[PDB]
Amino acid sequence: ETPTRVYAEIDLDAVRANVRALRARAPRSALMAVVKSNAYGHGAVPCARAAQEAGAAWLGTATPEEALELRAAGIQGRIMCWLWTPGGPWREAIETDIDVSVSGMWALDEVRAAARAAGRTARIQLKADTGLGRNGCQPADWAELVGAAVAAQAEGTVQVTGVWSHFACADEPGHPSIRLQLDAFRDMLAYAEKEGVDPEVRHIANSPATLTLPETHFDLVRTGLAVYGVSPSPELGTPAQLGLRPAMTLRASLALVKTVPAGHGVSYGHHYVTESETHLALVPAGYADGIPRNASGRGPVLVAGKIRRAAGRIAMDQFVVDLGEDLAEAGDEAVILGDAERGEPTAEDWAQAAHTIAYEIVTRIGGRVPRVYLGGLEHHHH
């Protein structure tokens, strides 16, 4: 029934509301709900169905496998994936009508052959490296790749449906690289559009860019994190101020509550020692479940009406908390992260406690943790 140890509660109603709120932010563009990495830990399919429901025109994933799983789940509509390696399932992707990203000639050649075998045309989108220095084609190789693409288009083997890029510091309001990439993108797009490419969509914005720079919207925006009700960065504001609602609530039940004398060590390395006779509670969730070990001694948890802090080192499967004078009992609910509007710890709180970013917190929630859905439509729960 309802997991007795720990479980991740996913609110499909918060998801749908976030996508409606995000659509309103970029009224002139289409919305792509990025659901890679199991929808940032919330559950790929359920969240993809909910997103499409609230009005998402596109669905995006990193790997082909992720995109094929969406199709296999009966999801219709445009889907795009961009992280490819030589020898990937191009043919499978083409046959399921999935837009593929091309960054180098090696990719283009593999998609052209796969198209032949499939006896079908592949919808490809050209990625320009405007400054991030990650994936994508560099300005120096752009003219060549562009020429090869319009050539393959003529051979009826491919069809260039898009031209896109990705930001490096869009989450740093005001960073000089942002404008630099926006200009580099405008310039490389024009050169492509002048060489014979008529794109279906033009896109470069992610969640932070979408929430702050309307000049980056173009035809489509790729929103991942914001969809799950988490703010890209604190400099952009809290989900509340952003009009977003947190989709995930992580809950656990106490496994033990006992009294210990003063001077008693707690956990590995005994990095925590009780100050006086106190009450300790055992939370049965550890770093194997996604609770960062680097949050040792700082991780916030809500127990018995008050916020508690991880006591000492966080272990593989569990960690303790010092309830002090307060009392509680085994089976009592413990909220590790959820909604700030309900006075609970948040994804951002843990990011700060573990010296990382909110993106990693929600995304790394372990497979050992069951997910429970509420809201949305019944079929979303599959």
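Numbers for residues come from their place in the sequence shown, where the first is 1.
Undergrad: In the PDB record, does 10-18 or 356-364 carry the higher mean Cα temperature factor?
TA: Higher of the two, by average CA B-factor, is 10-18.
Undergrad: Mean C-alpha B factor from the entry: is it higher for 183-191 or for 273-281?
TA: The deposited B-factors put 273-281 ahead on the C-alpha mean.
Undergrad: Using only the C-alpha B-factors in the record, can you name which of 236, 170, 204, 83 has the highest?
TA: So the option with the highest C-alpha B-factor is 236.
Undergrad: Could you check 317, 348, 66, 325 and tell me which one carries the biggest Cα B-factor in the deposited entry?
TA: Comparing C-alpha B-factors across 317, 348, 66, 325, the maximum falls on 325.
Undergrad: Considering every modelled residue of the chain and its Cα B-factor in the PDB entry, is residue 166 in the lowest, middle or highest third?
TA: It belongs to the lowest third of the chain when residues are ordered by C-alpha B-factor.
Undergrad: If you rank every modelled residue in this chain by C-alpha B factor, which third holds residue 174: lowest, middle or highest?
TA: For residue 174, the deposited C-alpha B-factor lands in the highest third.
Undergrad: Based on the entry's values, in what third of the chain does the Cα temperature factor of residue 197 lie: lowest, middle or highest?
TA: Tercile = highest for this residue's CA B-factor.
Undergrad: Within this chain, which third does the Cα B-factor at residue 261 fall in: lowest, middle or highest?
TA: Within its chain, residue 261 is a highest-third residue by C-alpha B-factor, going by the deposited values.
Undergrad: Going by the CA temperature factor in the PDB record, which third of the chain does residue 45 belong to: lowest, middle or highest?
TA: Lowest third - that is where residue 45 ends up once the chain's C-alpha B-factors are sorted.
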